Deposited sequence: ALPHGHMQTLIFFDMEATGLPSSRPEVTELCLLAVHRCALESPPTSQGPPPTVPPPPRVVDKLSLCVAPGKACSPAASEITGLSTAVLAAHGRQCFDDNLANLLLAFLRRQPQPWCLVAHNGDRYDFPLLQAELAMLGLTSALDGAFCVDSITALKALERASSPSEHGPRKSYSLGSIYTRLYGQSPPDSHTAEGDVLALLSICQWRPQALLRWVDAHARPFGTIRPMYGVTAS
């Protein structure tokens, strides 16, 4: 069936996959398909505005180890600073919060993340597995927006794509939320085509293996 909600998704972590990383930040931006299929008329901006009606969750997370120097430089986060801000680890309460947020969205749900198959999807699955919650998102679907945007269309970095589409760099905000918002803008460029591709290629989230095990 047709996806009813696209949940644009990006996470920050302590390092790249080969480091056995942990989540430091996540952003979920849930957009109803109607915002892409049937956007309201206006009486012509370079970049489409976000829909008026969206659900957004952006959370920082205390990892169980230090971020690498390279990770801190690109994400703007460090374990020490997260601790100063009283952040809690990836725990049961966080999993419940994520599920409660997702349950506010009409199903089927599709997570959309840029290079999601390499980064966000396996890391989320690994974090859930460490809590013993291996099937918590079996009901979700997912797509990788790099796969989608390649098929619809070079560098396929988010910034490269955005610049090619809108003739300007995206906002200067090196955060999970900034990345989600820029991805949404890209997905609104040709929204009906994007949505058709997602509906045709959405994959069950349960097919995503965890990045790592115990």
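Deposited residues absent from the coordinates (by C-alpha): Counting from residue 1, the stretches without coordinates are 1-4, 48-49, 160-170, 232-234.
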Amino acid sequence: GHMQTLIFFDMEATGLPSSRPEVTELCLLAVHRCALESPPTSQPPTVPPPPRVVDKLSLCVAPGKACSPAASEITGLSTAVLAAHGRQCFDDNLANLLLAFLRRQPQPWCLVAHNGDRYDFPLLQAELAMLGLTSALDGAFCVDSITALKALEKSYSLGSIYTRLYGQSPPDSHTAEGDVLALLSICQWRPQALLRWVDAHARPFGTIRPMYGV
From here on, numbers count along this sequence of modelled residues.
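Selected stretch [higher average CA B-factor]: 181-189 or 155-163: Per the PDB entry, the higher value belongs to 155-163.
Given 143-151 and 25-33, the range whose Cα B-factors average higher in the PDB entry: According to the entry, 143-151 carries the higher average C-alpha B-factor.
Largest Cα B-factor, entry values, listed residues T175, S68, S42, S58: That would be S42, according to the entry.
Third of the chain's Cα B-factor distribution that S78 belongs to, per the entry: It belongs to the lowest third of the chain when residues are ordered by C-alpha B-factor.
Entry-reported Cα temperature factor of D120, expressed as the chain third it lands in: According to the entry, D120 has a C-alpha B-factor in the chain's lowest third.
B-factor third for the C-alpha atom of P63 within its chain: Lowest third of the chain for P63's C-alpha B-factor.
Third of chain Cα B-factors occupied by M211: It falls in the middle third of the chain.
Modelled-residue ranking by C-alpha temperature factor, third containing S72: Lowest third.
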